[PDB]
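Only one chain is included here, represented as C-alpha cells and corresponding to the form deposited in one PDB entry.
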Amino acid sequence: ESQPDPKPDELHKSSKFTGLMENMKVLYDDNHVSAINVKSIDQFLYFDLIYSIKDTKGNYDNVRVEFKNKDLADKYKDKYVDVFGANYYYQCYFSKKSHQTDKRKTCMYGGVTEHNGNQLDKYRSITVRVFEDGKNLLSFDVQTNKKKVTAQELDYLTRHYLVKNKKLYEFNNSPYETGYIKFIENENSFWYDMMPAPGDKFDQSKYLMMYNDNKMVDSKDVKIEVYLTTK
C-alpha cells in the first residue's frame, strides 16, 4: 500500500520554526557518513550497531547506527555493508559495552545496505523533478552505485543539491515555507517532510529517527519529486 500525499496543513511550516535553521542545514551539507565495505565492531542496546570508519580530517571514528527494531540490527550485525547517512554529535550518547560531546563519536539512523552483490558497474542517474508552488522549473539527477539504495542516501543527495543551488536551508530560516520529498516506485510512494517541527528548538536526533526503518528502493525503478512552496 502507498502512503497518501500530505493533507491540508499536515506539512511543517518553516515560519513556525523560530530556532536556527543552521541545525537542519548541517545535516544536508557536505559532511555526512559514507563508509564502504565495513562490518560492525559492536552492538549497542538491542537495535544498534557500532562501526569504525575513517575520519580522514585523525584516523578512526565510531558511528552508532540505530535501527527501529532488533531484526534489522541482527540482520546486519555480521555482514559487510555500506553505510550512508546524516550523522549528528550533540546529545549523541553510546558506548561499546549524558556524556561529553566527542568528535570521534557520532550517531545516525539506518543507512545500511549489504555490500556484496549490490555494486553497479556504472554510476546510475535518478532524475529529480522539483515543483515550486506546483510548477516544475527545475529538474536534475542524483547518482548512486547501488542496485538497492536507502531512501536516506537519495534524500541526502537531493537536499544537498537543493542546499547548494536553491538555498533550501540557510543559517537562520529557509526561503521555502513547506517542502516534502516523495519517492515513487511503480505505483507505490512515500514522502518525508523537509521542514523542522514548530517551536524554537530543532531536535536533530528526533528528526533523523525517520530513517531508522532502513527503507530501501531499487535505483533502476525509483523516481523522485520535491514539492516546495514559497513565502
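Note that residue numbering begins at 1 and tracks the sequence as displayed.
The same protein also exists as the form deposited with a partner chain bound; that form is not shown, yet it is the one meant from here on.
Although the partner is absent here, residue 51 lies well away from the partner chain in the deposited bound form, with no heavy atom inside 4.5 Å. The closest heavy atom approach of residue 93 to the partner chain in the deposited bound form falls within 4.5 Å. In the deposited bound form, the partner chain sits within 4.5 Å of a heavy atom belonging to residue 47. The partner chain is not shown here, but in the deposited bound form it comes within 4.5 Å of a heavy atom of residue 88.
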